[PDB]
Amino acid sequence: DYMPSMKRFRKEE
Amino acid sequence: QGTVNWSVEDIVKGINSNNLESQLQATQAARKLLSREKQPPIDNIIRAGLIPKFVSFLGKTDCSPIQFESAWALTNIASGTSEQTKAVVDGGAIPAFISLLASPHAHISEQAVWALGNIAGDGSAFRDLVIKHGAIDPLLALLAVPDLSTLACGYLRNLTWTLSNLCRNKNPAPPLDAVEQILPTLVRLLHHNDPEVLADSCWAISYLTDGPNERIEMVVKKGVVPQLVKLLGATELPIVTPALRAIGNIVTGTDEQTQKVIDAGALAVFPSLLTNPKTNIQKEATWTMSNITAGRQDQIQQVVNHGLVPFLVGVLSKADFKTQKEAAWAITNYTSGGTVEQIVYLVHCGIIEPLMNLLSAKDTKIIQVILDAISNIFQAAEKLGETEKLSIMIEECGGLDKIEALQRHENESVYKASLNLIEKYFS
């Protein structure tokens with residue numbers, strides 16, 4: 001919700 | 001760059017070419033496919049059988065660019081569903097990434113930190129498996145510097161977030177030795193000046209305090225409560241939110257642990273928290289209050305002294321319904337554990353009318369909680385011979401109508417407690 005994400009996608013830079 | 005918009009078939013051809021440079025170009029092409037925001041082809045990459053190749057590339061110390069590209073590709077596969085993360089783990093990625101933590105290249109070590117965070121972030125089993133492969137020592141080693149301010153900002157944020165995933169999730173909670181190993185670095189991060197590092201460090205502390213008293217104790221013993229209260233007072237909402245969650249978790253522990261929260265000055269922040277325009281802050285602050293009012297009479301007295309009972313009357317009078325439910329709980333706990341004088345004070349602050357107004361709610365549990373509160377208050381009045389005066393108070397604001405009606409309520413304990421109130425004070 002307002003918590004850190006469990007997993008993170010490293011997006012197109 | 002000519003590695004833009006390759007088909008998966010071309011990526012496969014290049015990775016299978018036995019030409020390290022062709023393999024590098026193809027791996028970069030895969031990274032670019034996998035980092036596009038709109039439907040990156042993760043499943044197609046997995047189906048093509050590329051994960052073992054990527055993992056193999058993680059070990060190419062002589063070709064740091066392909067280490068990096070494969071690390072980024074695998075990071076994004078691992079950022080997906082549990083099944084996709086599982087494909088990355090099944091390919092042997094965990095020890096390979098742990099080996100990359102020691103890369104002389106900051107962008108590569110950082111990528112390995114990120115990937116391990118996604119794997120651990122999947123759930124308790126992969127978290128614990130990452131720990132068993134020995135991730136914690138080299139991760140902590142990356143933060144063993146005299147001053148955190150000398151580290152690159154994005155790098156520190158990634159390390160903090162990955163460490164927070166090693167603290168996250170339950171059934172089971174992380175291994176006790178792992179929590180003990182991580183805590184001192186965590187406390188240091190909690191004193192850092194970057195808002196994102198502070199936010200994720202508190203989230204980690206909130207995870208560690210979300211458990212039995214022994215888990216709470218491990219954290220409280222590290223002396224972090226004053227820092228948590230300070231962060232409770234921050235202007236940045238992404239910081240206040242986890243500070244408040246942590247504090248709330250801590251006051252679900254023993255009376256002594258709660259007392260450490262009070263001693264550190266937390267109650268002085270609650271006038272703002274209990275009127276905070278963010279609904280979740282108000283709800284969690286009210287929840288926190290309910291756990292403090294379930295405490296000792298001297299702690300209830302601390303709530304009184306800080307002027308927080310009018311704020312509880314406020315939240316009970318007007319708030320999102322879930323916040324009102326937590327308020328109802330705070331009041332039942334208060335009336336359960338309070339002295340006669342504290343309960344009288346409650347009534348003088350105006351608790352009766354909003355408590356009665358909530359009896360019209362379609363929620364059976366809050367009805368039970370309120371009837372319980374009313375019972376406790378009547379008990380105090382009995383001890384003052386003032387039940388009549390309370391009865392009159394309740395009847396004047398329309399409370400008696402609602403209690404009378406609750407006798408026809410389908411829930412057993414409700415029409416019992418209510419019939420009992422009617423038959424004992426309203427005859």
Side-chain angles (χ1 to χ4, degrees), chain A, chain B residues 4 31-38 40 42 71-82 84-85 110-111 114-115 117-123 126-127 154 157-158 160-162 164-165 167-169 196 199-204 206-207 237-238 240-242 244-245 278-281 284:
Chain A
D1 11 320
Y2 28 79
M3 308 175 75
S5 46
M6 315 195 66
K7 299 178 186 173
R8 292 165 57 230
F9 178 92
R10 179 172 178 166
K11 64 187 55 180
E12 214 159 55
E13 306 214 297
Chain B
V4 172
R31 177 265 287 186
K32 291 182 183 180
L33 274 194
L34 287 169
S35 45
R36 80 180 183 192
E37 36 202 349
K38 170 191 283 292
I42 296 176
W72 186 344
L74 288 163
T75 294
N76 286 3
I77 298 172
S79 72
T81 65
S82 293
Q84 284 159 355
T85 305
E110 176 171 7
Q111 201 55 55
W114 191 329
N118 283 345
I119 291 169
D122 182 70
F126 280 169
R127 173 202 72 204
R157 285 168 177 172
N158 273 314
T160 305
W161 172 75
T162 286
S164 79
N165 273 351
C167 295
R168 190 174 173 153
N169 286 298
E196 275 165 54
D200 287 338
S201 291
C202 284
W203 282 120
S206 82
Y207 307 148
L237 184 64
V240 181
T241 300
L244 179 54
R245 170 56 67 102
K278 296 241 29 197
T279 293
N280 62 285
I281 293 297
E284 233 150 272

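In the text below, chain A, chain B and the rest are named by the order of the sequence lines, each starting its count at 1.
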Seminar exercise, completed: By side-chain contact (heavy atoms from CB on, under 4.5 Å), B/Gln111 pairs with (sequence neighbours left out) A/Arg10, B/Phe68, B/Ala71, B/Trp72, B/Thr75, B/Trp114

For this session: Applying side-chain contact (heavy atoms from CB on, under 4.5 Å), name anything that partners B/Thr279, two or more places apart in sequence or on another chain.
Result: B/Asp320

Problem set entry | Any B/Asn118 side-chain heavy atom under 4.5 Å of A/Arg8 side chain | yes

Problem set entry | pair B/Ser82-A/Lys7: side-chain heavy atoms closer than 4.5 Å | yes

Problem set entry | Rounded distance [0.5 Å steps], NZ in A/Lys11 versus CG in B/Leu34 | 15.0 Å

For this session: Kindly compute the distance separating OH (A/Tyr2) from CZ (B/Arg245), expressed to the nearest 0.5 Å.
Result: 5.0 Å

Under a 4.5 Å heavy-atom cut-off, does chain A meet the side chain of [X], its backbone, both or neither?
X        : result
B/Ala78  : backbone
B/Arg168 : side chain
B/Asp122 : both

For this session: Looking only at non-hydrogen atoms, find the nearest pair between A/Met6 and B/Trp161 and report the distance.
Result: O-CZ2, 3.5 Å

Exercise. Closest heavy-atom contact between A/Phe9 and B/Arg36?
Worked result: CZ-O, 3.5 Å

Exercise. In terms of heavy-atom pairs under 4.5 Å with chain A, which of B/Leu237, B/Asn280, B/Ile119, B/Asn76 leads?
Worked result: B/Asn76

Seminar exercise, completed: Most heavy-atom pairs under 4.5 Å with chain A, out of B/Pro238, B/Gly80, B/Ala199, belong to B/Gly80

